[PDB]
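Here we start with a single chain on its own, the form solved without this ligand, put down as structure tokens.
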């Protein structure tokens, strides 16, 4: 099983000086194009929550779609996107979050979460945690419970794991990197 976590971690490329000089980017697209690593990653996430009682999966636009939706399929429960603004056609609510250079919002359909839903949030990557903190507020405003957030990659030095742990969320990541 280490076999597998190892094959998943090796499949992810590290790009130097991206997005800027000095900084490393962990590129999930190289996992996406290795069908062994990709299927293993969805198999691990879905087996870990198999007995969790989750009734909805939420995945945040856009890379989170590529993990949240296969997990939802493997679990046999509904998938609910949280999207960038102006894309969801039915009635929505919104939360604002901080980017490096200003602020943006995420939206969810109000009809798609309801009281008593047990919601697993899935994203490719956990860094500062701003994205998921916003997503978790969307879900809780509609009466969903979130106690679990799952990721392919964690960069615990950026603080997101500690930040989400403090907000009642058990973070589960397949691999992690540091400097």
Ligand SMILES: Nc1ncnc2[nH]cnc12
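Take the two forms, find the largest set of C-alpha atoms that superpose within 1.5 Å, and that set is the rigid core. Residue numbers count along the first chain shown, from 1.
- For 98 to 106 versus 79 to 87, the mean Cα distance to the shown form in 7 other deposited structures of this protein after rigid core alignment is larger for 98 to 106.
- Choosing between 22 to 30 and 38 to 46, the greater Cα displacement from the shown form in 7 other deposited structures of this protein, fitted by the core, goes with 22 to 30.
- The PDB entry reports B-factors from which the mean C-alpha value can be compared for 38 to 46 and 59 to 67; the larger average falls on 38 to 46.
- A summary of the deposited B-factors shows that, of 164 to 172 and 151 to 159, the stretch with the larger mean C-alpha value is 164 to 172.
- Note on the listed residues 128, 30, 114, 135: the highest Cα temperature factor in the record is that of 114.
- The PDB entry assigns residue 73 a C-alpha temperature factor belonging to the lowest third of its chain's modelled residues.
- Ranked by C-alpha B-factor against the other modelled residues of its chain, residue 103 falls in the highest third.
The same protein also exists as the form solved in complex with this ligand; that form is not shown, yet it is the one meant from here on.
- The stretch in contact with this ligand in the entry with it bound, judged by heavy atoms within 4.5 Å, is 150 to 158, chosen from 150 to 158, 34 to 42, 136 to 144, 50 to 58.
- Residue contact check for residue 23: one or more of its heavy atoms lie within 4.5 Å of this ligand in the entry with it bound.
- This ligand is not drawn, but in the entry with it bound it has a heavy atom within 4.5 Å of residue 125.
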